[PDB]
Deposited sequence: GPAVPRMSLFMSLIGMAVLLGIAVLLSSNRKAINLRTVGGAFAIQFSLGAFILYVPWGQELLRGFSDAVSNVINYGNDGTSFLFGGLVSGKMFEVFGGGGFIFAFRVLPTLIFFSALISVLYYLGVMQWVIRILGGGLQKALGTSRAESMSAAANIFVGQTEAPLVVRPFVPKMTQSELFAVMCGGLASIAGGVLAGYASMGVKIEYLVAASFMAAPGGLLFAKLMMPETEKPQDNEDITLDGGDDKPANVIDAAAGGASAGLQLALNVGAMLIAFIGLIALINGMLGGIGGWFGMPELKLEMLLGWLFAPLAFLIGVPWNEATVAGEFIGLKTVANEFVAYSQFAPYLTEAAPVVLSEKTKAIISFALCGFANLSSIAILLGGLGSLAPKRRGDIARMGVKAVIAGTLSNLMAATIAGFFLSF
């Protein structure tokens, strides 16, 4: 029972220690506090009544902002996003391209507005400062960690851009890990519109901050000594719309391509499996088979660990967006398999991160532009950082499965 989870946590921490660049330099105050905050944050918002109330309050607000944003998409696509669509096409009346993608545009505009107004900086400063006084992490790395709660891996470091070129390897690694452990407001709204529970997405975003520092500081302890805008609000909103347009277009093409490539891989796997008596072989069977142990380890019941493995595996080998798109159907009454409410929570939490190999190329471009002489360092540390981020998502799922 609750024992299989506390071992899950122990195993995750252990792997990080085994992979550390220097176990003897690990600061127990830093890593102990970091775990304590991620664990307590979970308990607070997933277990204690007052916590559950703040979480549901924040989630309902987010759900309202989303609905407000949909007035814009309704203006652009009209009847193609109305109730009439379900009467005519049934299930296929939900057009993903017009229901989900335009949300990334509206959220980016909104986030850009909140930065111009100083609202983001205000929230980041309080959370980032809380982390550093509690953990002894540097100022710049703590701010980047907090910013990553709300924005993507290449956007979050912008709040400390002048300090990036000269941060320590341990600081730069943490900055990467905070990005890989979290997601971003725009896609969060996307996943929600796909049916993923907002409470889970919000909780996982907040837990990514200490989670990312926890595993960065286990795997890459500090061995050095750290140191230490649009003309108006309308231009801010337009610049945000433009960046989100570009994001929406990219995510759309990636989904058409990746989902297409998986179908082709499955056609090939069936013909190849056939030579070995397994004509039914598919990419989902390999991944389920291969990741079931890990799913079991974080608290998925033995009889659901294999289906859970498919989703977790897909997020790791491809990205969380392709994974969520294959997981969303299991969140509706038309699911091929009815999963426990606890297994749904665990999958939702473990998928909630940008941790995958392709995020390295993105960090090289985006985070690299802030410190062009540190691109060698980013490439070198890329794989470890993806592992760090993966461990953080897994730890959050274990904690969540525990308190549920």
{"property": "Where the deposited sequence has no C-alpha coordinates (positions from 1, in order)", "result": "1 to 7, 236 to 246, 423 to 424"}
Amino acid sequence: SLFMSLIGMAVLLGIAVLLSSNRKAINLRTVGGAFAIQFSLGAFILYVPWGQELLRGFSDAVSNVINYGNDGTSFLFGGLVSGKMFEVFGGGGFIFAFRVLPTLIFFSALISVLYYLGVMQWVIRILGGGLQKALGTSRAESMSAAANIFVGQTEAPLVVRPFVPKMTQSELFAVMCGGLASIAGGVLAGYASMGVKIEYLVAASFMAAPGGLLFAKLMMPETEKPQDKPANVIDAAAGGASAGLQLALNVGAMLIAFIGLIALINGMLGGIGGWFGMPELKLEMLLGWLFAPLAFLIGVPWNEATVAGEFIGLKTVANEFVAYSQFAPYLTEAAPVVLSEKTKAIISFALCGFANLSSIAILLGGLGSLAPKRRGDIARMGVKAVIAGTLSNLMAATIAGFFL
From here on, numbers count along this sequence of modelled residues.
item: Higher-B stretch (mean Cα B-factor, as the entry records it), 374 to 382 or 333 to 341; value: 333 to 341
item: Stretch exceeding the other in mean C-alpha B-factor - 282 to 290, 253 to 261; value: 282 to 290
item: Identity of residue with top Cα B-factor, from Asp235, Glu87, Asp71, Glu155; value: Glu87
item: Deposited CA B-factor, highest of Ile66, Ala361, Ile37, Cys352; value: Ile37
item: Third of the chain's Cα B-factor distribution that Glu320 belongs to, per the entry; value: lowest
item: Position of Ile149 among the chain's modelled residues by C-alpha B-factor, lowest, middle or highest third; value: middle
item: Ranked against its chain, the third holding the CA B-factor of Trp302; value: highest
item: Chain-relative CA temperature factor third for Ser182; value: lowest
item: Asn356, C-alpha B-factor rank within chain (lowest, middle or highest third); value: lowest
